[PDB]
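In structure tokens, one chain follows: the form deposited in one PDB entry.
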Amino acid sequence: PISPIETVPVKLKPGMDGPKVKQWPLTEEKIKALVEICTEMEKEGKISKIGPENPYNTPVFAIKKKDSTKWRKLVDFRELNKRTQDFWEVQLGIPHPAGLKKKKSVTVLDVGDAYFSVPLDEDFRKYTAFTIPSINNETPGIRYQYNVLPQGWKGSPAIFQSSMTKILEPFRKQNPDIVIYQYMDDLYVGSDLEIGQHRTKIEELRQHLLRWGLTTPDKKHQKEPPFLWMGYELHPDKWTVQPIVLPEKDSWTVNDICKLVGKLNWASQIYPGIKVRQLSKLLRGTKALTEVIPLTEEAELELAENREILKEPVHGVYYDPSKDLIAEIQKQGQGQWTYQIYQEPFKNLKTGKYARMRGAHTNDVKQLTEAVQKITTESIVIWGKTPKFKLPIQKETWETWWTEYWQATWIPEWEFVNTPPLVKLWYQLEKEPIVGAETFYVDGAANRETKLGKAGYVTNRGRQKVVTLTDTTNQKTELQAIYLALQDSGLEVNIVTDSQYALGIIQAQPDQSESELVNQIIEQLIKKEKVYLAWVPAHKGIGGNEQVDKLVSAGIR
């Protein structure tokens, strides 16, 4: 039936008018299904016939529904949606099974004809006008308008969610010991009551929904495990994801790689160790959903590993709030991280990955910090608590990094875990110049118009070196100068540069970079035993800087 709840007042945007769009042609199949739906809806007051006094129309169609021979009626309200007012969306996230607590008794209900039981604002109905055709040259046309929430309108999901909440409010208020997870029209209902008392309370809930116009058909009333919910199978002590099937394509298209990566991301919540870096790389230069992409050998390897991962039986458990949350992180290659969240050693609540690349030049300590913050926020959403961390980084490494690093950084309570690969800094810069170590003054210059450049060094021991470069820039040539000095110096060296750019990259101790040249610089820096880097202002006649400056300038006028 139709809920007696007040309607939500809804407006068009200022100066706009309802949609006037012709109706498409439709299959005989879809026409028959739509007339069968609309005669029943008009009989039930959910839609009303309209005449020439309504100057509006929007195309209608239908699609098969998930697990039925039944049809869903849709309206291409894109035009009305563009002209309809903004809403504030109340669905703030997707509930997750690992945030559920064990319950003695569990029920899942599905509200019948959910949208079509919530009434629509009296003043807004004329705009929902549509029409069913008999055939392009057969008959006039059905020509109804909506009295309830239609499927296709941008306003229907929020208005339904808010209405369902208003309706559940008194029941929640007088049943604090029953938990109702409310996602759009599906209700998970858990309690610690004995099966008899729980079923009486369920019947109360269903009668209460009826009083507000909402049916819960028995065909969709789940009463025994496993419960089907939000994409999972809920058993009494564990949950699983309904099966993830990956494509087995021979040729691969961009759309296919999107589908593959998307299923892998969905699987990574419970299946541990999923990686998608190489598969994702396959998307960089693309320009069409239909472009065929050949898998690199690295992508081949990654995909095979993910397949073998997915052939394993896996399950999650439920949250016990009287125990600690523990998040454990493992480094994988190439800016990828896996984690498991659990409360008892080998019993994961869930798993996850973090592989977002941030920064031209970064290191493993920055990435690990980013992963800790992501896991923290995700945990606050799911459980309202921050987890205790088990991390593969030494307390000393973290102390050194936070001491020497000039940005505020912080990581909540954590304990070290000694399973490699460990997270280390691979070199330290000295805080003071090194006695005895040769002092290299480096510089580089580049011609803005010709792109030619020079890089080189002068040392306090008399050594000079200049190399010419093509297709370069000032910043590249300053990095070249530093690299040159690192290559040519002994295990201990002092380096004086005038480029804030290069100083800034190197003081942050990167261990990986998007630039091949910075990677070469990093390999050299790791080979050294002591490195002291110093900065002087350019073009001030300072020290050895002036001599190198003159040396690398035959492309500065």
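Numbering starts at 1 and follows the sequence shown.
In this entry, the higher average B-factor at the C-alpha atoms falls on 61-69, of the pair 61-69 and 32-40. Legend: mean Cα B-factor per stretch from the PDB entry, 545-553 versus 21-29; the higher mean is in 21-29. Highest C-alpha temperature factor among 196, 99, 384, 231, as the PDB entry reports it: 196. Note on the listed residues 204, 370, 364, 449: the highest Cα temperature factor in the record is that of 449.
The PDB entry assigns residue 426 a C-alpha temperature factor belonging to the middle third of its chain's modelled residues. In the PDB entry, residue 520 places in the middle third of its chain by CA B-factor. The entry lists a Cα temperature factor for residue 405 that places it in the highest third of the chain's modelled residues. Sort the chain's modelled residues by C-alpha temperature factor and residue 169 lands in the lowest third, per the entry. Looking at the C-alpha B-factors along this chain, the one for residue 180 belongs to the lowest third.
FYI, the form solved in complex with a small molecule isn't displayed, but the following is about it.
By the criterion of a heavy atom within 4.5 Å, residue 267 is excluded from the residues contacting the small molecule in the bound PDB entry. Taking non-hydrogen atoms only, residue 454 never approaches the small molecule to within 4.5 angstroms in the bound PDB entry. Residue contact with the small molecule in the bound PDB entry: residue 476 places no heavy atom within 4.5 Å of it.
Among residues of the shown chain, residue 331 is not one whose heavy atoms approach the small molecule to within 4.5 Å in the bound PDB entry. This chain is displayed without the small molecule, yet in the bound PDB entry the stretch 95-103 from 418-426, 95-103, 404-412, 483-491 comes within 4.5 Å of it by heavy atoms. For the three marked residues, 38, 133 and 140, no heavy atom of any sits within 4.5 Å of the small molecule in the bound PDB entry. The single contact residue among 227, 354, 342, 144, judged by any heavy atom lying within 4.5 Å of the small molecule in the bound PDB entry, is 227. When the small molecule is considered in the bound PDB entry, only one residue from 282, 148, 365, 108 comes within 4.5 Å through any heavy atom, namely 108.
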